[PDB]
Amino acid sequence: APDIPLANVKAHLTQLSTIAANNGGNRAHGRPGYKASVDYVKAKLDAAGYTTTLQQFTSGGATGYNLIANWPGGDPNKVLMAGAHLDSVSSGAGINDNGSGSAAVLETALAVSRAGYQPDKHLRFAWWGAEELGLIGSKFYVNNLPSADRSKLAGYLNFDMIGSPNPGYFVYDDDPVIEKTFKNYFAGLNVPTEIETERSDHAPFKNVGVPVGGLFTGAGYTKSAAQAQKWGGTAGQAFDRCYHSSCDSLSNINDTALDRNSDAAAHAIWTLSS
């Protein structure tokens, strides 16, 4: 896999930050900052050669969207998916929750195009709407994916909060092959990981038998002494002190965590799509 350029991931975050500022301070479902976020990501994907789909739904009396991006080619009967919710809560820009995963998944999709990668498995990326309403977008997608297509999914990889300011390095303990591939990347960095225990958009996939996995750097729970010894930062402070807050801004990112998890996303997408 290529090394995902941190500066490019950070530049998507800057664009999302400015979209929030331009639209009432947030990127929430049913508010203009969300659709403007979708339009930004979609434009980058279209330019890179993806086939994009806007999947519309209604929730809470407002139109929501999922953005689906299919990379043409690969085995139609073995599809690898990777995704991230693109909405924020209405209190702020949602830069770590979940600009971080949205930006990492977008830059990985652009990196596939830049590398001329032709995976054996067909690649499909997704940006989910209305996760903060209760996984409404990803539930809508799974609920509307025919059983024949669900059976074609080799895996779904989720990235939701991967730049936390006081980070841990958590790997989902779900499908064993997906988990091992993420843990191998971190092993190569000599960065220890822990099993994620602290829901998100992998749940509707997991619950219908699709293999899942993912990366997470912590939210409102407190980093322990033992976790600060292995990863640095501050024991006794939340992993993300601006979780769901107005201060979940461009300042709410640990660049090293964002970089490593973006590089790990690409590592796993390449490995599992071979």
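Residue positions are given as counts along the sequence shown, with the first one as 1.
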item: Deposited residues omitted from coordinates between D75 and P76, as a class; value: none
item: Residue stretch of maximal mean CA temperature factor, 189-197 vs 120-128; value: 189-197
item: Mean temperature factor over C-alpha atoms, higher-scoring stretch between 65-73 and 227-235; value: 227-235
item: Given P211, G220, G33, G214, the residue at which the Cα B factor reaches its maximum; value: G220
item: Options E107, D87, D160, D175 - largest CA temperature factor per the record; value: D175
item: Within-chain third of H202 by Cα B-factor, per the entry; value: lowest
item: Within-chain third of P167 by Cα B-factor, per the entry; value: highest
item: Chain thirds of CA B-factor: placement of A115; value: middle
item: Chain thirds of CA B-factor: placement of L133; value: middle
item: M81 CA temperature factor, ranked by third within the chain; value: lowest
